[PDB]
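Reconstructed Cβ throughout: ideal geometry from the backbone, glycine too, with neighbour counts over all protein chains shown. Just so you know, all these numbers are worked out from the coordinates, no wet-lab data involved.
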Amino acid sequence: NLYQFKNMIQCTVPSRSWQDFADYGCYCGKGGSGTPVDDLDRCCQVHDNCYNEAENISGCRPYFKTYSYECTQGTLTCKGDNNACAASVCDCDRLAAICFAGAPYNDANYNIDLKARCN
Ligand SMILES: O=C(O)c1cccnc1Nc1cccc(C(F)(F)F)c1
Ligand SMILES: [Ca+2]
């Protein structure tokens, strides 16, 4: 769930407050339309899709599902005790968190006008 995702970020990208990722580009946060303004936006685009895919599994709600995972000594691990749904979301979240750490941050891309720039 979002809390867990929020926590995967704080551990993967300590140097940056998680809210910097809450509303950025066209995909990070809400929205799922338009052209990803940059690599970091691409990370979120892939993330949004992943979630969408996970939604196909019955009763599976990526924002709310509580899954099992851990982050220590620089490693993020989705544990073996996750059912299909949990396993999927966790992986969605884990992959995004890793992508985030590797993606450059462009202050100009924070809080952009979705209605006008993501069509
Ligand atoms: O999408 C991301 O990458 C993200 C990253 C950090 C925090 N929040 C994020 N998203 C996000 C998306 C919808 C609603 C919320 C909210 F509930 F906090 F408002 C957060
Ligand atoms: Ca989104």
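Overview of values
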| read-out | value |
| --- | --- |
| P(r) tail fraction, the chain - alpha-carbon pairs more than 18 Å apart, % | 49 percent |
| Per-selection Kirkwood Rh - the stretch 7-59 (Cα, Å, 1 d.p.) | 11.9 Å |
| Inter-label distance for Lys115 and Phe64, nm, one decimal - labels placed 7 Å from Cα along Cα-to-Cβ | 2.9 nm |
| Coil-residue trypsin sites (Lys or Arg not before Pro) of the stretch 48-119, DSSP, other Cβ within 10 Å capped at 12 | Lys79 |
| Under 20 Å, Cα to Cα: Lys pairs in the chain, sequence gap 8 or more or different chains | 6 |
| Extended-chain gain in nm, criterion 0.36 nm per residue less alpha-carbon gap, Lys79 and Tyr105 | 6.4 nm |
